[PDB]
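Take a look at this one chain, the form deposited in one PDB entry, written out in structure tokens.
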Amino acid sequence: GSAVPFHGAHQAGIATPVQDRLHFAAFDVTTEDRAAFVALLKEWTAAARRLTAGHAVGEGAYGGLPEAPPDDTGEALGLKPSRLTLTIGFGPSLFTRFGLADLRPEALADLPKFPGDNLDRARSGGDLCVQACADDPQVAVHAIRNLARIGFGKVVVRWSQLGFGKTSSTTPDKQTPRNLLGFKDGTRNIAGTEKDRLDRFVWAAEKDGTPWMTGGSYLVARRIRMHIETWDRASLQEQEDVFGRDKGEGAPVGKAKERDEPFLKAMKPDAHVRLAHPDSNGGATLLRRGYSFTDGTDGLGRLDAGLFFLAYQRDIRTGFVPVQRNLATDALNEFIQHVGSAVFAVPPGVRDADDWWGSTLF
């Protein structure tokens, strides 16, 4: 129920312990006025400071002038902060506006087409994103709703994704959650305590070539549909062979415990863990921070199910791209399809009460 501090050198919501719920929204910008957009970023920052401390935005949810709409929509009244974090990112398309073209980071790379991609263009891309994570879904929806309202006339929601449960871990001392295939997901991640590993693999450094991004990170989002009918008829051995870990304990094949180190040569050559492991990818390491989703039925008699995969990294070209390229032969590909994609530059943290989202860029 506690608050996660909002200010810092880095934005919260990355290294932070992974909260139970996600509401992710991508926005397109509809104003060509730079000053108007800067004013929005400041108003959003002010709102975020309220929201993440469990307070209502603006002058509150009630007790104002009867003839005015309340400043806050009110559905989070009486609720705790619930570890709400709000993380903003800027998409490549933003940099075509406001004279920003030459400030687009090299590390904000467009992704290549990957074999098997079936990307919905309507649920891909976006000028900007807001990741809202919290332990209470109502708290997360309230935050996104109120930001969108404040931004009316300057930004529109392009697409959104709710995540009902986490499929990631930045806290190895706590139980690793399972994805909808029934496997633990998050054992070998980067922990929030691993400052050296965060600095090496997650945070952008001044020397990487884009000074305004120092202390930021780069985000890849992939909406992945799971073929659960196909998976559910697979044998136990087939499932375990796909991953290279057993299902019950989630230990590497041959070993007894979840957190025993993988011995890659005992896994099938097309096992997911074997192909995704840093040692298979020249050391490339990601911070995975995704969530599960179900968006109803598929119209063919079955539940829809998927994973909204989020990865943070210091450079898209040295993080997600090499690892995904190496997944071209993954046994897991029989059971999944990527159907949405976006990339974002996640700026540095809001340093104090006078700072604002995007201040280093603008």
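Shifts are known only where both forms have a C-alpha. Note that residue numbering follows the sequence shown and begins at 1. Rigid core here is just the name for the largest C-alpha set that superposes within 1.5 Å across the two forms.
Omitted here: the form deposited in another entry. The next part is about that form.
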Can you spot, among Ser82, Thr85, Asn146, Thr167, the one with a CA shift of 2 Å or more between the shown form and the other one after core superposition?
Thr167
A change of 3 Å or more separates this form from the other: in the other form, the C-alpha atoms of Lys166 and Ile88 are farther
Distance change of 3 Å or more between the C-alpha atoms of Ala109 and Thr170 in the other form: closer or farther compared with this structure?
farther
Segments shifting between the shown form and the other one (at least 3 consecutive residues, Cα moved 2 Å or more after rigid core fit) are at 164-173
